[PDB]
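S.K.: To start, I am sharing the structure in question, which I have written as C-alpha cells.
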Ligand SMILES: *P(=O)(O)OCC(C)(C)[C@@H](O)C(=O)NCCC(=O)NCCS
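Listed below in C-alpha cells is the structure:
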C-alpha cells in the first residue's frame, strides 16, 4: 500500500478517485501547483496519477517513476493530446473516449493501461461533455486500479495518429463552450474562387455582348454601350495621353448626365480611379476632395469650372479637343487589385475620408449583384444617388455589367418623388437602389415599373409598399464596396435583418477580443472577403485600425463599428452602432444626457432623445417628449438654449401622447417615429462671407456654417483656430488669433477683413550641421545639465497579445527611425551654438525579455536609461514577454517626442504594424528651426515680445501650494496620481465651454486657476505655466520633434464675479498670451526680468498641460510610463481618454506625500464638480475642502466631545475644604495656607461684595499684584457673583480711568497701596484692609450660573467677557491631559492681566493640588523661578518662548527637580531648537506647546512634544476637550491641510464678547455656518493644519 501523488487541475477535481485510493489504504496527495524534481511531494511516493494537470512534469520525474506514473487524460488517445481534449474532440469531431496511460517522454503519448470510449449527445453543452468525460475516466480508474497496481494489465502502445492542442488554440473559441454540441458545430459550419477581371474589362466584355443596347439615358439624349464605350475610350485616350496610370485619381465634377458616365468609364479605361465630386456640394467639400485626392486632372464643365478655383488641370468635357479620335478599347493595364474609384465617407466625424476601392472589390459585388438580383439587359436602372456616394457605383456599375440601361434622374424629379415615380413608370425603371430615406418615401408612391427596389445605408423599418417589387435590404459601408450583405424583405420584422454575406464574403460576429460569438449573440460585425477595400486615402493609420488582420485566424477583416448578430437561420440582424456616443455638429455626446433637461420642462413628462443620421450621414438629434399638448418648437429650443449649447439642442422635437415600451418597460427606441439648417442660421450674403463659410466648414469638419454661428460652438479648438488663420491667409485674408475670438462669427469676420491683401516652409539645403530651434536648444540644455536624468525620457508601453510577432514591432520602429530625421537627429555643442546633425541611418536598441506580469514594471524600469543626445536614435524599445502579454515598451527623449510627435509616432506605428505604407515626410524640423530663428527678427516678434515685456515687467503674483519643505535645489523625483473625470462630466464641461464661446482648455484652465487660486488664499492674480503645441508654421504639423512652447499665464480670478465672468476674464487674459505664443519661453524670461534661479521654476511652479483625445487606437492603448519623474512641483495633465479626462497629477515626491496628493486630487475633483454645476455662482462660493476631508478633519482634530461636571470652580474649592480641610492649598514663601484657611478668607470677602450689590455679570475690578490677597479676591469675587477685571498697578492712569469708564464696573478691590492709583473709583473696598472682610465665613450661596461672567480680561484696549462654564471646560480639559493631583503643585509666573494666569490660578483645585504664589520679585528671574520648581516640587509650570529660553540656559549642570511633570509654553510660537535643548536639560519631563486667545477662554490647542521627536514647525497642536478650531480663508470657508487661513475657535469656551463694544464683538464673534450657526472667534492669526491635524501657527494676518 504505497503513497500516491494526485496531480490535477484544482483541489476538488478527481476527488472520487482520491477517496477510492484512500479506501484501499493508499495515502494520496492532491496537488494542483507545478511540481518540480526537488518537490517535497515526490519522495516516499510509489505511484504518480495525473489528471488534467495544469503543468508538465520534468522528464526526471517521469523516468524516476517508470511503470508507476499514470495520467487520466479525458480523450481517446492519441486523439486530442494536450489541452482542452474534450472540446477539440467535439470541434475537430475526433473519436471520443477516456484513456488511463503511462506518462512517457512526450505529452500524452505513453503506453495505454486502460482506455474506454465515450459518447456525447448533440444536446450536451461543451461543459457537459467536459464533465461527462471527467466522470467516466475517474470511474474507469476506480475499476481498474487493482489491475494496474498488481501489474496484471499488459500496457499497449497508442495507435498511430491523433491530434494535439495547446492552451491558445482555443482563444478564438473561448465564448463557445456553453453552446450545445449541435450549436457549436453549427457555428463551425457557419465559419467555413478568385477574381480575374477589372470592371472596365468586364464592361468592355459587356459592350461587345450588347453594343447597341441603351446604356445611359439623360432626358432626351442617350448613349448606347458602343457609343458610351467609344466616347469614354476617346476621353480615356486623352486622359491616358495626359498621364493617367493605374491607381491615379481623376476628379470628375459634373451633374448626373451622359458626360458623367462617359467621364467615369473614361477614367477607368485610362487606367486610374475616378474621384467623384457632386457639384452641388458646397465649396468647402468641393475644395477638400480636390486637394485630398491626388487628382491633377479635373473632368468638369464651364458651368462648374469656377467651382474648382483653378485648383486642377481642367479638361472641359465640352471642349471637343478633350476627346481623341481613337474610339477603341485601350490596352488593359489594370489588375483586379488596382483602384477603381475613391468615394468620400460622410462628414459626421469631421472631414470625409477617401475610401479606396479596388476593381476586384467592385467586380466581386457586380459579379454577385447580377445573379443575386437576376439583372438582365431588359432591366432599366435609375442613376439616382449623388455620384459621390458608392450607392451610385451600385446604380452605374452593377447594371452596366448586366447590360441594363442607366437612366439619369432628372434634377427636378430627384426629390419630387411624385415626378420620380411618374418618370419610373414612364421609362420603365425595373431595378434601382434608393437610400432608405427615399425608399420608404417612394414606397408610398403608386409605382408599377420596379421589380427589385434595393435599399440600405440607413435602418430600414417600413416594408409596406404600393408596388409588386421585391424589397431588398442591403448593408455595408463604403470601405467594403456598396453592400456586403443582402436580405430579401419577405415579411415585416421589428428589425428587418440585413441578410446573409454576399459572394466571397464571410461575416464574423466578434466580441471586443475578436473571439467568435455564439450564433444569436450580438457583437461587432466584422467583414471578411473580397469586398474589403484597399483602405483610406492618405490615412494609413485609419486603414490599419479598421482593416485588421485577425490574431488567431490570420484573416484580414474590416471593423465596421456596427453591432449585429447571426440569427438561427443564418441571416444577420443589424443592431445599430456599438458606440453609445454620437458626434453631433462636432461633439461626441450621449443623447440620453439631454433627456433630463427636456424632462425638466414643466409640460414634459417623459423624454427619450435619439440620434438620427441624414441620408448624407449628417447626424442630428431628435428630442421625443411625452407632454399633454405639443410644445412650440421655438419654446423648447429656447428652453434648452438656457442650459445647453446648440449642438445638444435637438434639431427636431417630436411630441407624443406616450412612448412605445418593450416587454421590460423600457422605451422601445426602435418604435419611435422618424421626422434643418437651424434657427438663427444666416446664410452667407457677400462673396466674402461665402469664402469665410467655406474655410470654416473645412477646419471644423462640419458643413453649413451660418454667419452667426460661433466658432467655439461648432467644435472649434485652439488647434482649429490655428487652421482657420492658416487657411484664411491661403484665401488672402489676414486674421489674428485673438481677432477670431472677438469676431467668432463670419458676420463679424466679414467686417473685420475688408482688405483681401504664400510663405511655405523652405526646406534647407544639405549641411553638415543645422540650426536648432529655441525649444531644441532648451531641451538640449536641460539634458546636458543632468546627463544621467531620465526626467525628459518619454516612455510608453503597449500591451500586445502573445500572438504578435515581436520582430514586426522591432522592424516597424526601425522604419520610423529611417523615416523621421528627429529619430536620426543628434544634438551637439559647436562653441556656443547648440547644433543638430542628421544621421542617415541609426541602429535601434530592441531588447527581448521573458518575465511575469508581476515583474513587467520592474524589468521596464531598468530599461529606462538616460540618452546621449549626441547619439541616434533617441529612442529605445523592447518586449517583456509574460505568460499572457507581450509588453512593448519604448523610450524616447523629449527633444524629439513631444505629445503631438508621439501622436504622429503612434499614428504611423499603427499603420506599419497594420502593414501599411506612409507618405514621405515633406518637411523637416531643421527647416522650421531656421524659419523661426529668422522670424525672431521680424516686426511681428518685436510686437509679440512687447506684449510679454509690458505684461511681465511689474511684480508678478506667486502661487504657493500646500507642499513639503522644498529641496535646496530643483528636484525631479516624482509620482503620479490620476483623477478620472467620467465621460458624462467631461461632456458637461465641453458643453459649458461651447455654450459660452470658450474652449475646453479655457474651462479646465479656469478650474485649475480657481483651484490654484483657492489653494493660494483665494488670490486675485494666479500664474501657472501651460504648454502650446509650438507648431508655429502650419507646415510642421506632421514632423517628429520638440515644438511645444511653454507659456506663463497671468490669469486674474475675480472671486466676487460668477464662474462664467471668471471664464471670460481668463479668456480675455489667455488670448493675448496665445496671440503672442511664439516667443520662446526663455525669451519671455528675458523680457520679464526673470532668470532661472533656486529651488523654484522661473515664472510658475504648476504646469497645466492639455492634449486632446488620441488620434488612433494604438495611441489610445499607449500607456505613458512615468519613471518616477515630476518636471515641476505639480503638473496637471488633463488627457482626453475613453471620452473622459485622465487628469494625471504628476507631482514632486519631495514636495507631496501620496496622501497629500490624494487630498489635492480629491479637492480638484470636488472643485471641478462645483464649477460644472455652478456656472452662475460666484467663485467665492466654491468649496475646496471635500465633505470627507471635513469629516476626517473633525475626527482627527475636533472629535473633542468629553462631558465634564458643570459644578462651578468655587463650588469645587468648597468641597475640598470640607472633605480635606487641613491639606496644603496655597504656598507663598513662608505662607502655606490650607484649604480650610483659604476658603473661609474667601467667604469673608464674598459677603462684603454681596453687601454692596454684586449680582451676576456685575464687573468687580482687581489690581492686586501676586499675593494671597489676589486669590482671596478672585475666588471670592467669583463667590460673590460678579466677574473679576484685572488691572496692572503699573499702568498709566489714563488707561485705568479708560478701563474703569468703559468697563462700567460697580466696585474695585485693590491691594492697599493701589487704592489711590484707582482714582475716582465708585466703591473701593481696599483689598488688604480687614474692613473689606465680613466676619461671616459660611460658604455663600452660589447664585452664579455657568452662563454668567467669571472674569473680564482686557486686551484703546478691549475687555473679553468670558462666562463661568467656558472656564470649567478648560480647567477640566487641562486636568485630563495634565492632571494636577494632590502630590502636584502649580507655580504662578504669568502676570494676571494675561489669559495664562487663569490656568495657574484655578488649575490646582481640580486635583486638590497646591498653588505656589511666586513672588513678583522673581517674575522674569529664571534662577529664582528655578528655586520654586525644586523648592515646592512644582509639577505644572506655564511658560513662554521668551522665558523658557533663559530657563533652558541653566542646563543639565543644574539638577534636583524630580517632581516636575509638565512645562506648558504659550503666548508665542515656539522655536524648533527650544524643544530638544530642553530635553537634554530636563529628561523624564513632558513638554507641551499651548495656543489660546483671550477670546477662547485661556487655552484652545495643545501639542505634546515627545522626547524622541523633533518638529520642524513646532505646531500649536490639536484643540482641547469641547474645543473646535477652524482655518478659513478671506471668504469664510474651511481651508484644507497646508493651506494658510485665519484661525478660528468655537465651542463652549468662547468668550461672551467684548464689554460694551458690540460693533467689535459682532465683528470678531460672527455666527458662522461651520458651527451650526453658533459664533466663532476670528483670531486674526494665520495658521494651517498638518497631515495628522495638529495646527501650525503662521503669524498675524499682516
Ligand atoms: P485652446 O483654448 O482650445 O487650447 C490652447 C492650447 C494651448 C491647449 C492649444 O493651443 C495647444 O497648443 N495644445 C497643445 C498641447 C500640447 O502640445 N501638449 C504636449 C505635451 S508634451
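Residue numbers (the entry's author numbering): 1 to 192, 199 to 681, 687 to 768, 772 to 1369, 1375 to 1617.
Every residue gets a Cβ at the ideal spot worked out from N, C-alpha and C, and that includes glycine.
Between the C-alpha atoms of residue 1357 and residue 1417, what's the straight-line distance to the nearest angstrom?
M.R.: If you take the alpha carbons of residue 1357 and residue 1417, they lie about 22 Å apart.
S.K.: Ignore the nearest five residues each way along the sequence and tell me which others in residue 831's own chain have a CB closer than 6 Å to its CB.
M.R.: Correct list, in chain order: 837, 856, 858, 887.
S.K.: Among the candidates 97, 64, 1596, 142, whose CA atom is the shortest distance from the CA of residue 22?
M.R.: The shortest Cα separation from residue 22 among 97, 64, 1596, 142 belongs to 142.
S.K.: Quick check on the burial criterion: 16 or more other C-beta atoms within 10 angstroms. Buried or exposed for residue 1118?
M.R.: Residue 1118 is buried by the Cβ-count criterion.
S.K.: Between which two residues does the beta strand (DSSP E) carrying residue 512 extend?
M.R.: 511–516 is the span of the beta strand (DSSP E), which, as asked, contains residue 512.
S.K.: Suppose contacts are defined by Cβ-Cβ distances below 7 Å. Is residue 1039 in contact with residue 1013 by that definition?
M.R.: For residue 1039 and residue 1013, no; Cβs fall outside 7 Å.
S.K.: Mind checking whether residue 722 and residue 774 have CB atoms under 7 Å apart?
M.R.: No, the Cβ-Cβ distance between residue 722 and residue 774 is not below 7 Å.
S.K.: Using a threshold of 6 Å, is the CB atom of residue 1120 nearer than that to any non-hydrogen atom of ligand 1?
M.R.: True, at least one ligand heavy atom lies under 6 Å from that Cβ.
S.K.: Give the range of the alpha helix (DSSP H) segment to which residue 1118 is assigned.
M.R.: Element bounds for residue 1118: not the alpha helix (DSSP H) but the beta strand (DSSP E), 1116–1121.
S.K.: Using a Cβ distance threshold of 8 Å, determine whether the segment 1173–1180 contacts the segment 1001–1016, with at least three qualifying pairs required.
M.R.: Taking 8 Å as the limit for Cβ pairs, the verdict is that the segment 1001–1016 does not touch the segment 1173–1180.
S.K.: Can you check whether the CB of residue 616 is closer than 7 Å to the CB of residue 610?
M.R.: No; because the gap between Cβ atoms is not below 7 Å, this pair is not in contact.
S.K.: For residue 430 versus residue 455, is the C-beta spacing smaller than 7 Å?
M.R.: Result yes, Cβ atoms of residue 430 and residue 455 sit closer than 7 Å.
S.K.: Ends of the alpha helix (DSSP H) at residue 741?
M.R.: Looking at the DSSP string, the run of the alpha helix (DSSP H) that includes residue 741 is 729–742.
S.K.: For the 8 Å Cβ check, are there 3 or more pairs between the segment 283–302 and the segment 385–403?
M.R.: In short, these stretches touch, since the Cβ pair count reaches three.
S.K.: Under the rule that 16 or more other beta-carbon atoms within 10 Å means buried, what is residue 732, buried or exposed?
M.R.: Buried.
S.K.: Terminal residues of the continuous beta strand (DSSP E) containing residue 386?
M.R.: From DSSP, the beta strand (DSSP E) with residue 386 extends over 386–389.
S.K.: Using a 10 Å radius around the Cβ and a threshold of 16 neighbouring Cβ atoms, would you call residue 681 buried or exposed?
M.R.: Residue 681 is exposed by the Cβ-count criterion.
S.K.: Within the same chain, show all residues whose beta-carbon is closer than 6 Å to that of residue 826, passing over the 5 residues directly before and after it, in chain order.
M.R.: Closer than 6 Å at Cβ, skipping near neighbours: 923, 926, 927.
S.K.: Would a C-beta distance cut-off of 7 Å place residue 318 and residue 257 closer than the cut-off?
M.R.: Contact: yes.
S.K.: Go ahead and label residue 366 buried or exposed: buried means 16 or more other beta carbons lie within 10 angstroms of its beta carbon, across all protein chains shown.
M.R.: Buried: at least 16 other Cβ atoms inside 10 Å.
S.K.: Please name the residue in 1081, 952, 1202 whose C-alpha comes closest to that of residue 1174.
M.R.: Among 1081, 952, 1202, the Cα nearest to that of residue 1174 belongs to 1202.
S.K.: Within its chain, find whatever has a CB closer than 8 Å to the CB of residue 341; leave out the 5 residues flanking it on each side and keep chain order.
M.R.: Once the five neighbours on either side are set aside, the close Cβ partners of residue 341 are 204, 252, 365.
S.K.: What three-state label does DSSP hand residue 638 in the structure shown?
M.R.: Reduced to three states, the DSSP call for residue 638 is coil.
S.K.: Give, in chain order, every unbroken run of the beta strand (DSSP E) that is at least 3 residues long and sits entirely within the segment 59–131.
M.R.: Counting only runs of 3 or more, we get 69–73, 97–102, 112–117.
S.K.: Look at the alpha carbon of residue 777 and the alpha carbon of residue 508, and state the distance between them as a whole number of angstroms.
M.R.: Roughly 50 Å separates the two Cα atoms.
S.K.: Does the beta-carbon of residue 942 have 16 or more other beta-carbons within 10 angstroms, so that it is buried, or is it exposed?
M.R.: Answer is buried; the Cβ neighbour count reaches 16.
S.K.: Residue 263: buried (16+ other C-beta within 10 angstroms of its C-beta) or exposed?
M.R.: Buried: at least 16 other Cβ atoms inside 10 Å.
S.K.: State buried or exposed for residue 545, treating a residue as buried only when at least 16 other CB atoms are found within 10 Å of its CB.
M.R.: With 16 or more Cβ atoms within 10 Å of its Cβ, residue 545 is classed as buried.
S.K.: For residue 1374, which of 991, 1071, 283, 1359 has the nearest alpha-carbon?
M.R.: Residue 1374 cannot be placed in this structure, since the chain goes from 1369 to 1375 without the numbers between.
S.K.: So is residue 381 buried or exposed if we call it buried at 16+ other beta carbons inside 10 Å?
M.R.: The residue in question, residue 381, is buried, as its Cβ has 16 or more Cβ neighbours within 10 Å.
S.K.: Return the first residue and the last residue of the alpha helix (DSSP H) that residue 913 is part of.
M.R.: Per DSSP, residue 913 belongs to the alpha helix (DSSP H) from 913–927.
S.K.: DSSP three-state label for residue 676, please.
M.R.: In the structure shown, residue 676 sits in a helix (DSSP, three-state: H, G or I).
S.K.: In whole angstroms, give me the CA-to-CA distance for residue 232 and residue 401.
M.R.: Rounded to the nearest angstrom, the two C-alpha atoms are 19 Å apart.
S.K.: Expressed to the nearest angstrom, what Euclidean distance is found between the alpha-carbon atoms of residue 211 and residue 491?
M.R.: Going by the C-alpha atoms only, they are around 27 Å apart.
S.K.: Quickly, what does DSSP pair residue 1541 with across the bridge? List them, please.
M.R.: Answer is none; residue 1541 lacks a bridge partner.
S.K.: Please list, in chain order, all residues of the same chain as residue 1155 whose beta carbon is under 6 Å from its beta carbon, the five residues on each side excluded.
M.R.: Only 995, 1000, 1148 meet the Cβ criterion.
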